[PDB]
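Only one chain is shown below, in C-alpha cells, and it's the form deposited in one PDB entry.
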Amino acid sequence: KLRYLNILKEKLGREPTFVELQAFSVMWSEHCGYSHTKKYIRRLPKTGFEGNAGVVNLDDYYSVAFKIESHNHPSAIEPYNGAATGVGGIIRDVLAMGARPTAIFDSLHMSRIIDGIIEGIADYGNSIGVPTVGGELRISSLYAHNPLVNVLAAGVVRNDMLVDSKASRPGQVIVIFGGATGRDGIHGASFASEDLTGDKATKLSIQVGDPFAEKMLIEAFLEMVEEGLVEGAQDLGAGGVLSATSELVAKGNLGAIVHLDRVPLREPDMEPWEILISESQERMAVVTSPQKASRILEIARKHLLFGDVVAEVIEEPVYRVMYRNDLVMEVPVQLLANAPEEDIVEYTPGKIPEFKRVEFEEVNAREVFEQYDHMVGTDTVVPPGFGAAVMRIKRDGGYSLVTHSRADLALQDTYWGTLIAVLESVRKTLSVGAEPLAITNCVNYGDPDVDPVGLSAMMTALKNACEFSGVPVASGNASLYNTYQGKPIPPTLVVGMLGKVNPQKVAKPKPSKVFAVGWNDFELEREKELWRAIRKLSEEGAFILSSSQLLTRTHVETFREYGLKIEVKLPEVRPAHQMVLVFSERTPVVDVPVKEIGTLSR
C-alpha cells in the first residue's frame, strides 16, 4: 500500500486527490491489480490465443464458457450476502462471455457447515434458475477464520456469437445496465486484499445481491447479443463502474470519458466517487456504437432493469471521469489498469515427500443442500456424487465439470500437493469417459509478502501440472491475503476441469465385480500409465471411481440410488496414491496393477 502510494505519487507528480486515492486503492488492490500473480500467470499454458478467455470450443458449433471465482473475504464477514453475491459475480462473468449460464459447481472450505454460506448459494441459484451440478466440500479447522467460497459457472455458447471483452474504436459508447447503483460493496476490492481480515473493512464493504434482477439481466443481455447489439462486454464486480470502464478501454488501448451523472442511482445523495467505485450487483457494461445504444436501453428497461449510456470511448488513452460538467478525476488509463508488478520467486521442486495423513473431512453437498430446497445435480447424465458432473449439450454431445483440491497435501508441500490435485482432476475427468479439455483455477493463498515461496510453489506447479497433463488454463482467479491476525489459510488451489464427453458413452453402475486398479502410492512417472489404463477400461464400458479415499460415503450413498450394494475390502492406501476403483463383469486387463476386492450387487 505504502510502496504503492509512493509510486502513484511518482507517476502523478503530486499527491493524489481524494477521488484518485479511492480509485487506485481499488484498481491497485491485490484483488484488481494482481501485483503478485501477474508474472506467474503469464507463464501458465493457456487457452489464451483462443479469442475469448474461458471459452472452449466443444464441437466447432458450440463452445463451453466457464470460470471459477471466489468470495472468501466477504463470506467471512457476512456468509449470506458474501456467498450469494459470490455466485452472482461469477454468473455475470460467463454471461459477459456471451453464454447462457447453465451450471454451477461450488467448492467450499470451512471449519464447519456455515448455514449462511450454503443458503446464500442455494437461494441465489434458485432465483436465477441456474442449477448446481455439483460441489466440492472440505471441512477443516484450518479454515475457521477464513472460509473459502469458490464458485464455478459454465455456459453453452455458439461459436458464431462470441462476445468481445474490450472496446475497439473511438466512437463506441459503453452502456451500464441492470440493477440501479447504491452504496453497497464500496471498497470491497481493497477489503478483499487487506493483508488481514481484521483490517479496516467491514459491513460497508459487502455487496447485496438480488437474483431476480440477475435473471432479468441474462435475458436482456442474451437478447442484446442475439440482436447483434453487443460489441463488447464486462460485468461490474469489484471496482464497479471504474473497473469495468477503464479495463474495457484499457484492453483495447483506447481511453474513456465517464459521465457518472448518467449512472442510474438507487441512492441519489451519493457522491461522485461513490458512484464510480460502487460495487452494486447485477450490472453489466456493454461496448457498442451510438446507433445500437437505443435498442439496448429499450431491451434493458423492458426487462425491468435500468441503464443509460455512461461512457464514450476515445482515441486518447486518458481516463476522464466527469459528473455533469465537473471534472472528477483524470489519469492515464494504462496507469490505472497496470498496478505495480512484484518480482516473483523462482521455485525449483524438491523430492516428492511422503505425505502424512492430514485429517480433513468431505461431505456430499447434496445431502447438505436439502435443508435449503437446493438440489445438486438433478439434471445430469450420471450422478456427480461419483466424481464428476456430466451435462448434455445435445443427444450425442456433452461435457463434464470437475472441482478438486488437495490442501491437505499442499499444507505439507505446496508444490507436490498442488500438482497432485490437478493430476487427480485428470483422473476424475477420464474416469467418467470424458476427455480433458481445459482448466479454470482459483488460487486461494495467504500473505505473499510474508511467504512468497508458498505462492510461487502453487503457481509453478499449476504451470508444470498443465504442461505434464497437456491441459491448459482457460480462465481463473487469484485470492491472496486470505489471513486472520496474520494466521494464514492452507494454500488451496482449486482446479476446475472441463471435459468433452458423449452422453451415450457414459457408464452407469450395475451389478459387477470391483477391482482396485493402480498403485497404493504416488510416482509422477506412472501417472500417465494410470490414465492410459483408465482410458482403456472406460472405452470398454467400465464404471470407474477415482477418489482420495477410494470409496466415500457419498459414493455408497449414490450407489443406493441404483438399489445397488457394495461390499469390498479397500486396499491400504497412502494420502497420495495412484489407484482407482473399477467395476466390470470381467477382470480388467491393463499394464497397471489389478486386484479384485469385492462386489456391487442387488
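Numbering starts at 1 and follows the sequence shown.
Keep in mind that the form solved in complex with a small molecule is missing from the display, and what follows is about it.
Contact annotation: of the candidates 476, 211, 446, 307, the single residue with a non-hydrogen atom within 4.5 angstroms of the small molecule in the bound PDB entry is 476. With the partner removed from view, the residue among 44, 58, 564, 568 that has a non-hydrogen atom within 4.5 Å of the small molecule in the bound PDB entry turns out to be 44. Note on the interface: of 435-443, 324-332, 286-294, 528-536, the segment with non-hydrogen atoms within 4.5 angstroms of the small molecule in the bound PDB entry is 435-443. None of the heavy atoms of residue 413 is located within 4.5 Å of the small molecule in the bound PDB entry. Not displayed here, the small molecule is kept clear of residue 99 by more than 4.5 Å at the level of heavy atoms in the bound PDB entry. Taking the partner from the other structure, the small molecule in the bound PDB entry has no heavy atom within 4.5 Å of any heavy atom of residue 426. The small molecule is not drawn, but in the bound PDB entry it has no heavy atom within 4.5 Å of residue 36.
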